[PDB]
Number of protein chains: 6
Amino acid sequence: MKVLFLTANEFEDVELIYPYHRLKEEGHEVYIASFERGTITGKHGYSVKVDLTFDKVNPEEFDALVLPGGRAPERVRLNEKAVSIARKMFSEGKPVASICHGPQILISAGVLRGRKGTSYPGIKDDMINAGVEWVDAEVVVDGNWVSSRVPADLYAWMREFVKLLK
Amino acid sequence: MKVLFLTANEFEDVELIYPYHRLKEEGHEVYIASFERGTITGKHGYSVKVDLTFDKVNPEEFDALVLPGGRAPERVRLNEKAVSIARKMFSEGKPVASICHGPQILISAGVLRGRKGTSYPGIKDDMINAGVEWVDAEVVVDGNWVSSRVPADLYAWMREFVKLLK
Amino acid sequence: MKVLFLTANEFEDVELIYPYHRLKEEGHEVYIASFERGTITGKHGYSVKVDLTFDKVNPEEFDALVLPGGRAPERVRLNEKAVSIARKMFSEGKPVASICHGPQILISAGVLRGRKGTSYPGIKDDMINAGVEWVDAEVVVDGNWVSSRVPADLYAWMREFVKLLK
Amino acid sequence: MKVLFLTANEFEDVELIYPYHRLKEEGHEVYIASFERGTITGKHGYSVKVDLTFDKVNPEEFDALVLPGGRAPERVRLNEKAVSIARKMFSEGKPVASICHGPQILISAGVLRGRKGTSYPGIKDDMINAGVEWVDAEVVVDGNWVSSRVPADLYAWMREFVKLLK
Amino acid sequence: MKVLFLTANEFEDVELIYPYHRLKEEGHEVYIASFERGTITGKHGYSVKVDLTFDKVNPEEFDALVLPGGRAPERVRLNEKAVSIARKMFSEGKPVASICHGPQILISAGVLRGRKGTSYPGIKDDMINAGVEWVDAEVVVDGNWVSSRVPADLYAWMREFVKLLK
Amino acid sequence: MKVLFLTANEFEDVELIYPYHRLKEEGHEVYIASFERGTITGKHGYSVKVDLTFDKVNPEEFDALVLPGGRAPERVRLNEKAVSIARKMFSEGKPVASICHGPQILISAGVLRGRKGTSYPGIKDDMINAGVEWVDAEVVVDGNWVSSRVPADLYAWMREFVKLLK
């Protein structure tokens with residue numbers, strides 16, 4: 001499996017680094033996509049290398065999608081290509097894992113109406129206004145969409161996501 | 001005029017400090033409400049004194065409302081009392097100034113359907129999903145609601161808001 | 001009216017940003033002059049664009065002068081061109097607004113003997129030794145010179161300065 | 001299984017948080033021991049709750065040991081009780097995972113002579129002088145001792161460690 | 001000899017720590033005086049213990065005076081007692097070492113007219129307005145007054161000061 | 001005398017700056033060597049200019065060696081040229097001053113077996129495993145090697161080291 005991450009500067013550090021390594025443990029290949037080649041830096045100062053830009057991403061070449069939180073989703077969701085990647089992969093039924101502010105990208109992709117999931121509670125109302133049946137739970141599994149709220153949910157988040165890739 | 005601010009830790013410093021002094025210049029009384037008495041600190045390290053808590057606010061003794069941005073609105077909008085203050089003052093047609101993430105509180109108050117305004121572009125889709133006719137402009141005036149996007153808009157934001165007050 | 005700001009890195013953030021937007025509100029054009037083109041960053045991390053260098057400034061093309069505080073004035077006052085700009089505009093009777101450490105530039109310009117004003121209390125003795133009648137007040141108006149002490153004075157500072165610009 | 005963490009302020013954040021959640025996913029109980037009850041903060045500013053003090057640890061009540069790195073090991077290795085915990089658990093053949101500066105605690109326990117492992121390259125000379133056959137590899141498995149070097153090794157580090165706990 | 005330091009929070013770290021240790025090498029006793037007991041923290045984050053408060057200082061019980069720079073002198077020079085200490089010791093001819101912003105305290109003590117010395121170049125004009133013959137030199141010795149400009153001058157500053165205490 | 005400093009980014013600021021100026025006071029010439037030309041920045045944010053790279057150092061052109069602490073030694077000790085410089089100067093019996101983590105470089109040079117000295121207590125066991133008779137004292141003098149533990153020891157450290165360069 002090839003796993004794509006859509007992220008940018010000001011990502012929540014552990015919400016990117018934890019699924020990155022957890023999926024590598026399984027032997028999946030993990031790819032970080034962002035605006036520009038080079039490095040990006042998290043809220044807490046961890047730097048990670050960008051593997052490819054949004055413009056170079058063909059969503060048909062990836063099997064699953066991870067959306068870390070932080071402040072990066074509010075910039076990534078203004079990128080028509082990045083939102084388009086999320087829309088197609090989510091629409092095709094490929095596994096999509098979101099945590100915290102991550103699902104702001106899915107809101108912008110227009111794919112969440114009638115779906116069930118969670119997010120950082122601070123944006124629950126925006127999830128609800130997008131048509132999500134929002135629940136306060138450490139992990140929600142709604143078909144291909146695995147969603148969690150905060151870094152304390154990491155263990156449950158990837159426990160469920162890893163099952164979807166098996 | 002008595003002007004109420006709803007804010008918290010991690011407010012955007014100049015988005016609070018600028019209207020605070022701009023409205024003081026006009027002779028209005030300005031009040032900072034937050035979760036707890038004491039002080040709150042902005043994203044950039046400015047400290048501000050809290051005048052009263054959300055719980056102690058009677059919205060009928062205030063004439064106008066200011067909603068600065070930063071990360072504070074995502075905390076403030078989870079406080080039922082703070083959201084009701086904004087809902088009541090806005091629905092009564094009292095002047096309400098919002099900037100950046102400030103209008104997340106108005107989203108949560110359920111008052112934006114059919115209204116016209118702007119915000120930090122990063123949350124445009126959330127404004128639109130709440131029923132806002134979202135405009136990309138340095139300042140928008142929709143009756144009692146004066147909205148702006150980013151600190152570069154400060155001059156235009158209060159230029160319009162000061163007109164609504166007396 | 002064209003309003004010039006003389007400043008540099010380590011400016012006190014709100015002492016620059018507040019009058020910048022307050023005077024823009026009136027429709028005045030505002031210009032930031034510093035050592036180099038590019039950007040400068042305040043004590044608290046706000047960045048602002050430099051419009052022109054001290055060397056490119058013709059003081060005859062500007063109508064008023066604003067001197068924000070911070071650590072920048074102790075650097076600007078060593079620049080002979082910057083001090084000559086302040087000397088020429090102040091002695092010509094053009095409106096000059098200073099706050100906090102701002103008037104260190106006026107001290108070095110040699111224009112303060114016999115004047116009345118205020119500053120950050122920490123440099124009260126240096127103002128006095130320059131011949132200033134130093135007053136502990138939120139704003140002082142001495143002809144063309146409007147002076148204040150600290151960020152808490154911003155509202156009164158620009159309230160008085162805006163009057164001088166009509 | 002009950003898994004014990006020995007750590008303190010200035011731990012390398014992901015080197016604690018990653019194995020913490022990875023082992024929770026398996027259903028193991030994880031416990032953070034440090035000098036004082038309360039919270040500890042990592043190099044990058046993440047806060048974690050301390051479950052018990054070194055004084056309260058009975059090593060017979062735990063099945064495995066994790067030693068995150070950062071600057072914390074250099075303080076922990078001066079604590080006679082913490083070093084004793086590591087000495088007893090490692091010598092008993094219980095699974096011990098160390099990464100980066102973590103094995104400085106094992107150096108101080110005097111248990112590494114004749115063993116094979118890795119560490120932050122910066123302390124390879126100290127590992128070698130303690131009697132370690134030092135290997136430059138993302139993960140080494142030497143009986144009960146699973147060692148890795150840097151955050152980039154996290155996926156391999158816990159891949160091998162979880163096998164030992166089954 | 002007993003050497004007294006007058007300083008406070010935001011002292012320039014090496015301008016305090018360097019003479020502190022340099023004079024300890026000679027066998028002198030060194031005392032840190034500030035506003036309150038406890039610790040004070042320099043601009044760069046070093047902490048030092050306060051030995052006594054300004055109120056408790058009897059100037060006749062100390063043989064020499066050191067005035068480090070930073071932002072502490074602008075606060076110390078507003079304390080009538082601290083300024084009184086400096087006034088008495090300097091006017092009595094006891095050795096006084098100042099660097100950077102340090103001499104702002106001597107300016108406020110009113111003892112510098114007719115004297116020869118240096119300072120951080122940024123306050124040169126304030127020194128001159130206090131009546132100082134200001135010299136751009138790494139160290140100046142004017143009787144009991146040993147003055148320097150910046151941290152790069154430290155070696156010369158204490159080279160001259162230790163001679164005065166022999 | 002020409003004194004060489006081996007250091008890098010994240011040096012303990014006062015552990016470099018203090019001996020730098022103390023030895024300049026004696027009239028010695030002081031040289032900062034690091035990985036690259038330009039500047040390096042200490043843990044506390046002090047900036048110092050690099051005089052030459054490790055690659056350009058001819059150890060025969062220097063009379064004495066200073067090894068400040070911080071986190072720089074853990075990177076410096078991985079550079080074969082830097083370690084060879086310390087090994088050769090120490091082996092020639094030239095004066096070598098180390099403090100805190102400084103002696104990690106000497107550990108890596110393999111020159112400490114049978115020698116007597118001290119270090120940051122946190123690496124006591126690594127010094128002992130390198131063959132050092134470790135002493136808990138503010139300064140130790142073992143022939144050409146003058147060693148100390150922490151910034152609090154600075155006065156005694158250079159008190160003893162300066163004697164070796166007379």
# chains A, B, ... in the order shown; residues from 1 in each chain; ligands from 1
>>> residues_around(residues="residue 27 (chain B)", least_positions_apart="3", cutoff="12 Å", atoms="only C-alpha atoms", output="tab-separated table (two decimals) with C-alpha atoms, in the first residue's frame")
chain	number	residue	atom	x	y	z
B	1	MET	CA	-21.37	53.20	24.61
B	2	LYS	CA	-20.19	50.08	26.45
B	3	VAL	CA	-18.30	47.68	24.17
B	20	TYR	CA	-9.63	48.32	22.30
B	21	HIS	CA	-7.70	51.59	21.97
B	22	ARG	CA	-9.54	52.78	18.85
B	23	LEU	CA	-12.85	52.60	20.69
B	24	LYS	CA	-11.36	54.17	23.83
B	30	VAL	CA	-14.36	48.80	26.74
B	162	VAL	CA	-16.82	53.36	14.62
B	165	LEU	CA	-21.34	53.33	17.37
B	166	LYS	CA	-22.22	56.62	19.04
C	155	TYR	CA	-5.77	55.62	22.54
C	156	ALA	CA	-4.89	59.06	23.92
C	159	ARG	CA	-6.51	60.86	19.67
>>> residues_around(residues="residue 9 (chain B)", least_positions_apart="2", cutoff="10 Å", atoms="only C-alpha atoms", output="JSON, numbers by chain")
{"B": [7, 11, 12, 13, 34, 35, 39, 40, 41, 42, 43, 45, 47, 48, 70, 71, 72, 73, 75, 76]}
>>> residues_around(residues="residue 94 (chain E)", least_positions_apart="4", cutoff="8 Å", atoms="only C-alpha atoms", output="NGL selection string")
:E and (63-65 or 89-90 or 144)
>>> write_last_selection(atoms="C-alpha atoms", output="tab-separated table (two decimals), in the first residue's frame")
chain	number	residue	atom	x	y	z
E	63	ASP	CA	34.29	48.50	48.66
E	64	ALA	CA	33.41	48.58	44.94
E	65	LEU	CA	30.46	48.69	42.56
E	89	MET	CA	29.86	54.92	46.30
E	90	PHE	CA	30.88	56.78	43.13
E	144	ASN	CA	37.62	55.43	40.14
>>> residues_around(residues="residue 86 (chain E)", least_positions_apart="5", cutoff="10 Å", atoms="only C-alpha atoms", output="number ranges by chain")
E: 4-6, 59, 64-67, 77, 81, 91-92, 94, 96, 103, 105-111
>>> residues_around(residues="region 131-142 of chain E", least_positions_apart="2", cutoff="7 Å", atoms="only C-alpha atoms", output="number ranges by chain")
E: 112-118, 124, 127-129, 144-149, 153, 156-157
>>> write_last_selection(atoms="N, CA, C and O atoms", output="mmCIF file, in the first residue's frame")
data_model
loop_
_atom_site.group_PDB
_atom_site.id
_atom_site.type_symbol
_atom_site.label_atom_id
_atom_site.label_comp_id
_atom_site.auth_asym_id
_atom_site.auth_seq_id
_atom_site.Cartn_x
_atom_site.Cartn_y
_atom_site.Cartn_z
ATOM 1 N N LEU E 112 28.053 62.284 36.898
ATOM 2 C CA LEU E 112 28.927 62.098 35.718
ATOM 3 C C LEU E 112 29.409 63.384 35.046
ATOM 4 O O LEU E 112 30.273 63.281 34.179
ATOM 5 N N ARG E 113 28.852 64.538 35.395
ATOM 6 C CA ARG E 113 29.397 65.807 34.813
ATOM 7 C C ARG E 113 30.927 66.118 35.010
ATOM 8 O O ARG E 113 31.749 66.185 36.130
ATOM 9 N N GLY E 114 31.555 66.271 33.855
ATOM 10 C CA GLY E 114 33.002 66.540 33.896
ATOM 11 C C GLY E 114 33.817 65.266 33.800
ATOM 12 O O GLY E 114 35.026 65.376 33.603
ATOM 13 N N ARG E 115 33.161 64.105 33.913
ATOM 14 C CA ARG E 115 33.898 62.847 33.912
ATOM 15 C C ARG E 115 34.054 62.322 32.487
ATOM 16 O O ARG E 115 33.421 62.793 31.543
ATOM 17 N N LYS E 116 34.923 61.332 32.340
ATOM 18 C CA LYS E 116 35.289 60.800 31.037
ATOM 19 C C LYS E 116 35.000 59.308 31.021
ATOM 20 O O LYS E 116 35.402 58.585 31.935
ATOM 21 N N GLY E 117 34.300 58.847 29.995
ATOM 22 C CA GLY E 117 33.948 57.441 29.962
ATOM 23 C C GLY E 117 33.239 57.071 28.680
ATOM 24 O O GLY E 117 33.207 57.841 27.718
ATOM 25 N N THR E 118 32.675 55.870 28.685
ATOM 26 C CA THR E 118 31.986 55.331 27.518
ATOM 27 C C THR E 118 30.779 54.520 27.972
ATOM 28 O O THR E 118 30.504 54.387 29.170
ATOM 29 N N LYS E 124 25.106 57.148 23.906
ATOM 30 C CA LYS E 124 26.174 58.168 23.854
ATOM 31 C C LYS E 124 25.572 59.558 24.085
ATOM 32 O O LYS E 124 26.090 60.287 24.909
ATOM 33 N N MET E 127 24.725 60.131 27.636
ATOM 34 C CA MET E 127 25.938 60.361 28.412
ATOM 35 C C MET E 127 26.438 61.785 28.216
ATOM 36 O O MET E 127 26.721 62.498 29.187
ATOM 37 N N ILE E 128 26.499 62.233 26.962
ATOM 38 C CA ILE E 128 26.987 63.582 26.671
ATOM 39 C C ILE E 128 26.091 64.631 27.322
ATOM 40 O O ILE E 128 26.579 65.602 27.912
ATOM 41 N N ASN E 129 24.769 64.442 27.248
ATOM 42 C CA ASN E 129 23.839 65.384 27.868
ATOM 43 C C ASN E 129 23.933 65.386 29.388
ATOM 44 O O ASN E 129 23.527 66.366 30.015
ATOM 45 N N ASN E 144 38.275 56.616 39.598
ATOM 46 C CA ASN E 144 37.623 55.434 40.141
ATOM 47 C C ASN E 144 36.650 54.787 39.158
ATOM 48 O O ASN E 144 36.115 53.713 39.455
ATOM 49 N N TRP E 145 36.421 55.390 37.994
ATOM 50 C CA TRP E 145 35.365 54.955 37.085
ATOM 51 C C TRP E 145 35.961 54.205 35.892
ATOM 52 O O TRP E 145 36.613 54.808 35.031
ATOM 53 N N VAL E 146 35.686 52.905 35.818
ATOM 54 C CA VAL E 146 36.118 52.052 34.712
ATOM 55 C C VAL E 146 34.898 51.709 33.857
ATOM 56 O O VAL E 146 33.988 50.997 34.311
ATOM 57 N N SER E 147 34.880 52.180 32.605
ATOM 58 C CA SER E 147 33.699 52.040 31.755
ATOM 59 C C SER E 147 34.033 51.356 30.428
ATOM 60 O O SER E 147 35.121 51.554 29.862
ATOM 61 N N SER E 148 33.079 50.549 29.932
ATOM 62 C CA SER E 148 33.201 49.887 28.638
ATOM 63 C C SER E 148 31.844 49.920 27.930
ATOM 64 O O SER E 148 30.844 50.403 28.480
ATOM 65 N N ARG E 149 31.811 49.409 26.691
ATOM 66 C CA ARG E 149 30.672 49.621 25.801
ATOM 67 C C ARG E 149 29.799 48.391 25.622
ATOM 68 O O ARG E 149 28.581 48.487 25.767
ATOM 69 N N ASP E 153 33.892 43.960 24.759
ATOM 70 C CA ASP E 153 34.883 44.681 25.548
ATOM 71 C C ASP E 153 35.211 44.009 26.874
ATOM 72 O O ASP E 153 36.072 44.528 27.602
ATOM 73 N N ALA E 156 38.879 43.662 28.343
ATOM 74 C CA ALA E 156 39.549 44.907 28.686
ATOM 75 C C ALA E 156 38.898 45.572 29.886
ATOM 76 O O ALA E 156 39.585 46.198 30.709
ATOM 77 N N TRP E 157 37.574 45.463 29.976
ATOM 78 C CA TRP E 157 36.828 46.054 31.078
ATOM 79 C C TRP E 157 37.350 45.551 32.419
ATOM 80 O O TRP E 157 37.725 46.339 33.290
#
>>> closest_residue(among="E:98, E:104, E:58, E:84", to="chain C", atoms="only C-alpha atoms")
E:104
>>> select_by_dssp(residues="region 14-51 of chain E", states="strand (DSSP E)", output="ChimeraX atom specification")
/E:29-34,38-41,47-50
>>> interface_residues(of="chain B", to="chain A", cutoff="7 Å", atoms="only C-alpha atoms", output="PyMOL selection string")
chain B and resi 74-75+78+108+122-123+125-126+129-130
>>> atom_distance(atom1="CA of residue 87 (chain F)", atom2="CA of residue 160 (chain F)")
21.4 Å
>>> atom_distance(atom1="CA of residue 154 (chain F)", atom2="CA of residue 102 (chain F)")
13.3 Å
>>> select_by_dssp(residues="chain C", states="helix (DSSP H, G or I)", output="JSON list (two decimals) with C-alpha atoms, in the first residue's frame")
[["chain", "number", "residue", "atom", "x", "y", "z"],
["C", 13, "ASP", "CA", 4.96, 46.01, 17.85],
["C", 14, "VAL", "CA", 1.73, 47.81, 18.77],
["C", 15, "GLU", "CA", 3.44, 51.21, 18.93],
["C", 16, "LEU", "CA", 4.09, 50.85, 15.20],
["C", 17, "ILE", "CA", 1.00, 48.94, 14.07],
["C", 18, "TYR", "CA", -1.53, 51.04, 16.00],
["C", 19, "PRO", "CA", -0.72, 54.50, 14.53],
["C", 20, "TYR", "CA", -0.05, 52.91, 11.13],
["C", 21, "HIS", "CA", -3.65, 51.70, 10.85],
["C", 22, "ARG", "CA", -5.14, 54.61, 12.82],
["C", 23, "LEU", "CA", -3.71, 57.11, 10.34],
["C", 24, "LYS", "CA", -4.62, 54.93, 7.34],
["C", 25, "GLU", "CA", -8.19, 55.09, 8.61],
["C", 54, "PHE", "CA", 16.59, 56.42, 5.41],
["C", 55, "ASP", "CA", 18.94, 57.43, 2.54],
["C", 56, "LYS", "CA", 16.01, 57.65, 0.04],
["C", 59, "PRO", "CA", 11.93, 65.08, 4.47],
["C", 60, "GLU", "CA", 10.31, 67.77, 2.32],
["C", 61, "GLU", "CA", 8.01, 65.14, 0.79],
["C", 72, "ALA", "CA", 14.84, 50.30, 17.54],
["C", 73, "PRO", "CA", 15.28, 54.01, 18.60],
["C", 74, "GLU", "CA", 18.71, 53.33, 20.13],
["C", 75, "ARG", "CA", 19.76, 51.96, 16.73],
["C", 76, "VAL", "CA", 17.97, 54.62, 14.56],
["C", 80, "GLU", "CA", 22.96, 60.41, 10.92],
["C", 81, "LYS", "CA", 20.49, 60.44, 8.02],
["C", 82, "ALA", "CA", 17.61, 59.24, 10.20],
["C", 83, "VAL", "CA", 18.37, 61.83, 12.88],
["C", 84, "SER", "CA", 18.62, 64.58, 10.25],
["C", 85, "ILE", "CA", 15.17, 63.60, 8.97],
["C", 86, "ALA", "CA", 13.74, 63.90, 12.49],
["C", 87, "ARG", "CA", 15.64, 67.13, 13.16],
["C", 88, "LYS", "CA", 14.40, 68.78, 9.96],
["C", 89, "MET", "CA", 10.73, 67.80, 10.27],
["C", 90, "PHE", "CA", 10.50, 68.61, 13.99],
["C", 91, "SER", "CA", 12.24, 71.98, 13.64],
["C", 104, "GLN", "CA", 15.50, 59.12, 21.93],
["C", 105, "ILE", "CA", 15.67, 60.04, 18.24],
["C", 106, "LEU", "CA", 14.51, 63.58, 19.07],
["C", 107, "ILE", "CA", 17.09, 63.81, 21.87],
["C", 108, "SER", "CA", 19.80, 62.98, 19.34],
["C", 109, "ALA", "CA", 18.31, 65.46, 16.89],
["C", 121, "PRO", "CA", 9.63, 56.65, 32.49],
["C", 122, "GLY", "CA", 12.86, 54.63, 32.30],
["C", 123, "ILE", "CA", 14.41, 57.39, 30.16],
["C", 124, "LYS", "CA", 12.78, 60.31, 31.97],
["C", 125, "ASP", "CA", 16.22, 61.47, 33.21],
["C", 126, "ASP", "CA", 17.66, 61.47, 29.68],
["C", 127, "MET", "CA", 14.71, 63.52, 28.46],
["C", 128, "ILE", "CA", 15.29, 65.94, 31.35],
["C", 129, "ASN", "CA", 19.01, 66.15, 30.57],
["C", 151, "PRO", "CA", 1.27, 50.97, 24.96],
["C", 152, "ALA", "CA", -1.53, 51.62, 27.48],
["C", 153, "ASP", "CA", -1.48, 55.26, 26.22],
["C", 154, "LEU", "CA", -2.16, 54.43, 22.55],
["C", 155, "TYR", "CA", -5.77, 55.62, 22.54],
["C", 156, "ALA", "CA", -4.89, 59.06, 23.92],
["C", 157, "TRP", "CA", -1.69, 59.31, 21.87],
["C", 158, "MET", "CA", -3.37, 59.06, 18.47],
["C", 159, "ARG", "CA", -6.51, 60.86, 19.67],
["C", 160, "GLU", "CA", -4.35, 63.98, 20.04],
["C", 161, "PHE", "CA", -2.14, 63.36, 17.00],
["C", 162, "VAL", "CA", -5.07, 62.89, 14.61],
["C", 163, "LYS", "CA", -6.23, 66.42, 15.52],
["C", 164, "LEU", "CA", -2.91, 67.88, 14.40]]
>>> decode(residues="region 70-82 of chain D", atoms="N, CA, C and O atoms", output="short mmCIF file (atom, residue, chain, number, x, y, z; two decimals), in the first residue's frame")
data_model
loop_
_atom_site.label_atom_id
_atom_site.label_comp_id
_atom_site.auth_asym_id
_atom_site.auth_seq_id
_atom_site.Cartn_x
_atom_site.Cartn_y
_atom_site.Cartn_z
N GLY D 70 16.45 12.02 24.70
CA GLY D 70 16.44 13.44 25.00
C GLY D 70 17.53 13.78 26.00
O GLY D 70 18.51 13.03 26.14
N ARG D 71 17.37 14.89 26.72
CA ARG D 71 18.33 15.26 27.78
C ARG D 71 17.93 14.62 29.12
O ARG D 71 18.73 14.66 30.05
N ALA D 72 16.73 14.03 29.19
CA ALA D 72 16.30 13.38 30.43
C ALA D 72 17.22 12.27 30.94
O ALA D 72 17.47 12.22 32.16
N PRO D 73 17.77 11.34 30.10
CA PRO D 73 18.59 10.25 30.65
C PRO D 73 19.78 10.71 31.50
O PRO D 73 20.10 10.04 32.42
N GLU D 74 20.37 11.86 31.17
CA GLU D 74 21.55 12.35 31.92
C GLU D 74 21.15 12.76 33.35
O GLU D 74 22.02 12.75 34.20
N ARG D 75 19.88 13.11 33.57
CA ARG D 75 19.39 13.41 34.94
C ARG D 75 18.93 12.10 35.61
O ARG D 75 19.31 11.87 36.74
N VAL D 76 18.17 11.29 34.90
CA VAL D 76 17.66 10.00 35.43
C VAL D 76 18.84 9.11 35.84
O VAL D 76 18.73 8.47 36.88
N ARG D 77 19.93 9.13 35.07
CA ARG D 77 21.02 8.20 35.39
C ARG D 77 21.78 8.58 36.65
O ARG D 77 22.61 7.79 37.11
N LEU D 78 21.53 9.76 37.22
CA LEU D 78 22.09 10.14 38.51
C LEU D 78 21.19 9.75 39.68
O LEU D 78 21.60 9.91 40.84
N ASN D 79 20.00 9.22 39.40
CA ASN D 79 19.05 8.83 40.43
C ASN D 79 19.24 7.35 40.71
O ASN D 79 19.07 6.49 39.84
N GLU D 80 19.62 7.08 41.95
CA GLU D 80 20.09 5.78 42.38
C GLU D 80 18.97 4.74 42.20
O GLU D 80 19.18 3.62 41.72
N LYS D 81 17.74 5.15 42.56
CA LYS D 81 16.55 4.30 42.44
C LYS D 81 16.20 4.02 40.98
O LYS D 81 15.87 2.88 40.63
N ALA D 82 16.18 5.06 40.14
CA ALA D 82 15.85 4.85 38.74
C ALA D 82 16.86 3.91 38.08
O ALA D 82 16.47 2.97 37.36
#
